[PDB]
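Student: This is the content of structure-v1.cif (mmCIF, C-alpha atoms):
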```cif
data_target
loop_
_atom_site.group_PDB
_atom_site.id
_atom_site.type_symbol
_atom_site.label_atom_id
_atom_site.label_comp_id
_atom_site.auth_asym_id
_atom_site.auth_seq_id
_atom_site.Cartn_x
_atom_site.Cartn_y
_atom_site.Cartn_z
ATOM 1 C CA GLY A 1 123.735 147.112 -25.226
ATOM 2 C CA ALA A 2 127.445 147.076 -25.945
ATOM 3 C CA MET A 3 128.439 144.425 -28.471
ATOM 4 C CA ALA A 4 131.228 142.125 -27.269
ATOM 5 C CA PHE A 5 133.761 142.997 -29.970
ATOM 6 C CA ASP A 6 136.502 145.344 -28.774
ATOM 7 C CA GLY A 7 139.896 143.899 -27.963
ATOM 8 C CA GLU A 8 141.666 144.307 -24.641
ATOM 9 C CA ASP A 9 145.406 144.619 -25.152
ATOM 10 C CA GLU A 10 146.578 142.541 -22.184
ATOM 11 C CA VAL A 11 145.469 139.250 -23.745
ATOM 12 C CA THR A 12 147.020 137.089 -26.457
ATOM 13 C CA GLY A 13 143.747 135.569 -27.629
ATOM 14 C CA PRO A 14 141.128 137.275 -29.845
ATOM 15 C CA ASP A 15 137.891 135.623 -28.725
ATOM 16 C CA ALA A 16 139.643 134.802 -25.455
ATOM 17 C CA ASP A 17 139.174 138.459 -24.571
ATOM 18 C CA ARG A 18 135.700 139.259 -25.880
ATOM 19 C CA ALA A 19 133.983 136.218 -24.376
ATOM 20 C CA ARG A 20 135.928 136.354 -21.122
ATOM 21 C CA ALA A 21 134.899 139.964 -20.481
ATOM 22 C CA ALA A 22 131.245 138.974 -20.871
ATOM 23 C CA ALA A 23 131.750 135.994 -18.556
ATOM 24 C CA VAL A 24 133.126 138.155 -15.733
ATOM 25 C CA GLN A 25 129.886 140.129 -15.835
ATOM 26 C CA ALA A 26 127.828 136.943 -15.534
ATOM 27 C CA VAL A 27 129.673 135.208 -12.699
ATOM 28 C CA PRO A 28 130.019 137.017 -9.333
ATOM 29 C CA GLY A 29 133.704 136.819 -8.440
ATOM 30 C CA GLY A 30 133.958 133.398 -10.017
ATOM 31 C CA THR A 31 136.750 131.560 -11.781
ATOM 32 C CA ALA A 32 137.073 132.824 -15.343
ATOM 33 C CA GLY A 33 139.669 131.743 -17.873
ATOM 34 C CA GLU A 34 140.587 132.691 -21.427
ATOM 35 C CA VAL A 35 138.458 130.952 -24.035
ATOM 36 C CA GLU A 36 139.387 129.249 -27.295
ATOM 37 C CA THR A 37 137.503 129.022 -30.583
ATOM 38 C CA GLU A 38 135.398 125.886 -30.932
ATOM 39 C CA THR A 39 134.437 124.212 -34.199
ATOM 40 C CA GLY A 40 133.795 126.858 -36.839
ATOM 41 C CA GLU A 41 130.964 125.056 -38.580
ATOM 42 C CA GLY A 42 128.049 124.773 -36.189
ATOM 43 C CA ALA A 43 126.084 126.863 -33.712
ATOM 44 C CA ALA A 44 128.603 127.141 -30.886
ATOM 45 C CA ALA A 45 131.652 129.060 -32.057
ATOM 46 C CA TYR A 46 132.960 130.190 -28.681
ATOM 47 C CA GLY A 47 133.261 128.157 -25.497
ATOM 48 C CA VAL A 48 133.388 130.206 -22.322
ATOM 49 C CA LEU A 49 134.800 128.289 -19.376
ATOM 50 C CA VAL A 50 133.570 129.634 -16.044
ATOM 51 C CA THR A 51 133.425 128.166 -12.563
ATOM 52 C CA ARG A 52 131.346 129.181 -9.573
ATOM 53 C CA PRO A 53 133.211 128.976 -6.209
ATOM 54 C CA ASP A 54 130.562 126.433 -5.192
ATOM 55 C CA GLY A 55 132.612 123.882 -7.098
ATOM 56 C CA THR A 56 130.631 123.930 -10.318
ATOM 57 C CA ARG A 57 132.246 124.441 -13.716
ATOM 58 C CA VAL A 58 130.113 125.400 -16.693
ATOM 59 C CA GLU A 59 131.065 126.261 -20.251
ATOM 60 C CA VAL A 60 128.924 128.895 -21.913
ATOM 61 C CA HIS A 61 128.360 128.144 -25.567
ATOM 62 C CA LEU A 62 128.197 131.294 -27.635
ATOM 63 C CA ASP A 63 127.022 131.718 -31.209
ATOM 64 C CA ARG A 64 128.411 133.797 -34.066
ATOM 65 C CA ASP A 65 127.284 136.990 -32.304
ATOM 66 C CA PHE A 66 128.172 136.022 -28.725
ATOM 67 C CA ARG A 67 124.555 135.355 -27.812
ATOM 68 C CA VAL A 68 124.086 132.860 -24.988
ATOM 69 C CA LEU A 69 122.911 129.606 -26.542
ATOM 70 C CA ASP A 70 123.060 127.419 -23.441
ATOM 71 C CA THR A 71 125.156 126.548 -20.404
ATOM 72 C CA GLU A 72 125.968 122.947 -19.512
ATOM 73 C CA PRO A 73 128.227 121.764 -16.636
ATOM 74 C CA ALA A 74 131.676 120.844 -17.908
ATOM 75 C CA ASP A 75 133.551 117.932 -16.358
ATOM 76 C CA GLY A 76 136.966 116.444 -17.064
ATOM 77 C CA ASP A 77 136.419 112.711 -16.691
ATOM 78 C CA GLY A 78 136.004 112.110 -20.398
ATOM 79 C CA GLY A 79 139.486 111.283 -21.609
ATOM 80 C CA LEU A 80 140.467 110.047 -25.062
ATOM 81 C CA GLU A 81 142.695 107.066 -25.845
#
```
Could you write out this file's structure as structure tokens?

Tutor:
Amino acid sequence: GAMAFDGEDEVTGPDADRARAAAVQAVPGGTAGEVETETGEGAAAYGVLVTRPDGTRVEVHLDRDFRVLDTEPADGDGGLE
């Protein structure tokens, strides 16, 4: 259909807009936040953080063309030190 490359003007992030807009259409009234660019070299270039009100947070990994690669539940217990 419509390719996710436009550019809403109310955001400060490039991919943060394109991927977020697609996320809103996938999650019914769920928690959606602006996304940041993941590692350039690889398959997943965009990480879309979304959370269902059920208490489940999943990050949608998008490829170079914003095609859904896979969705795994994202937790925050893995620190680094």

Student: I'd like the neighbourhood of residue 27 (chain A) as a PyMOL selection string, where a residue qualifies if any of its atoms comes within 9 Å (using only C-alpha atoms), though same-chain residues fewer than 5 positions away should be ignored.

Tutor: chain A and resi 32+50-52

Student: Apply the PyMOL selection byres ((chain A and resi 55-65) around 9) to the file shown and report the selected residues as a PyMOL selection string.

Tutor: chain A and resi 3-4+19+23+31+42-54+66-75

Student: Translate the PyMOL selection byres ((chain A and resi 36) around 8), as applied to the file shown, into an explicit residue set as a PyMOL selection string.

Tutor: chain A and resi 13+15-16+34-35+37-38+46-48

Student: Between CA of residue 25 (chain A) and CA of residue 1 (chain A), what distance in Å does the model show, to one decimal?

Tutor: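 Computing the Euclidean distance for CA of residue 25 (chain A) and CA of residue 1 (chain A) yields 13.2 Å.
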
Student: Just give me the gap between CA of residue 9 (chain A) and CA of residue 33 (chain A) in Å, one decimal is fine.

Tutor: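 Straight-line distance from CA of residue 9 (chain A) to CA of residue 33 (chain A) works out to 15.9 Å.
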
Student: To one decimal in Å, tell me the separation between CA of residue 20 (chain A) and CA of residue 77 (chain A).

Tutor: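 So the two atoms, CA of residue 20 (chain A) and CA of residue 77 (chain A), lie 24.1 Å apart.
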
Student: Given the choices A:24, A:18, A:80, A:30, which gets closest to residue 6 (chain A) if the distance is worked out from all atoms listed in the file?

Tutor: A:18

Student: Just need the box for region 10-16 of chain A, edges along x, y and z, holding every atom the file lists for it with 4 Å tacked onto each side, so centre and edge lengths in Å to one decimal, as lines of an AutoDock Vina configuration file.

Tutor:
```
center_x = 142.5
center_y = 138.7
center_z = -26.0
size_x = 17.1
size_y = 15.7
size_z = 15.7
```
